[PDB]
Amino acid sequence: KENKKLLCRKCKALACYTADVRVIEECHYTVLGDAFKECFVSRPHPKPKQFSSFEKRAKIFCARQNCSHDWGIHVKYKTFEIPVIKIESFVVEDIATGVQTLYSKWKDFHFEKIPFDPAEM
C-alpha cells in the first residue's frame, strides 16, 4: 500500500489515513468517515464568512485537551458540513518504517488525490 498515516504535528495522535482524504476544487482537502470526528473538536469560527462554495462555521482542533492544535476549519459545502484540513497541521508517517515527513504545501505531498464525491456520504 502507498496508504499513509496523518498524525497531529504537535502530539503525533493518529488523525486519518490518506485513503480517507478527498480533494474539493483542486486545492481544499477533507476527510471521510465517522472515525475522523473522534479525532477533532470544533470551536465557533470567530469570523464566520463565505468564500467560494464554502460557509465557515467552525475551526477544528486536535481532540486531545493537552494538545488542542489547530487542524483547519468546518464548512457548509452544498448540503454537507465537512472538515477542511491544513497540511501544516500534520506529519505524514510511512506505516512500514514509521518515518515522518513535514509538508507546508499539498502540491509537495505526492499521494493518490481522489476528488470528493457526494455519493460517498
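Rigid core: the largest C-alpha set superposing within 1.5 Å between the two forms. All residue numbers are counted from 1 along the displayed sequence.
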(message) If the other structures are each fit on the rigid core, which stretch ends up farther away in C-alpha terms in 4 other deposited structures of this protein, 41 to 49 or 65 to 73?
(response) 41 to 49
(request) With the rigid core held as the alignment frame, decide whether 78 to 86 or 50 to 58 lies farther from the shown form in 4 other deposited structures of this protein, in terms of RMS C-alpha distance. (result) 50 to 58
(message) Going by the mean C-alpha B-factor recorded in the entry, which is higher: 66 to 74 or 22 to 30?
(response) 22 to 30
(request) May I ask you to compare 78 to 86 and 92 to 100 by their mean CA B factor in the entry and name the higher one? (result) 92 to 100
(message) Based on the deposited C-alpha B factors for this chain, I'd like to know if residue 12 is in the lowest, middle or highest third.
(response) middle
(request) Consider only the C-alpha atoms of the modelled residues in this chain, order them by B-factor as the entry records it, and name the third containing residue 35: lowest, middle or highest. (result) highest
(message) Splitting the chain's C-alpha B-factors into thirds, which one does residue 43 fall into?
(response) lowest
(request) Determine, from the deposited record, the chain-internal third of the Cα B-factor for residue 59: lowest, middle or highest. (result) lowest
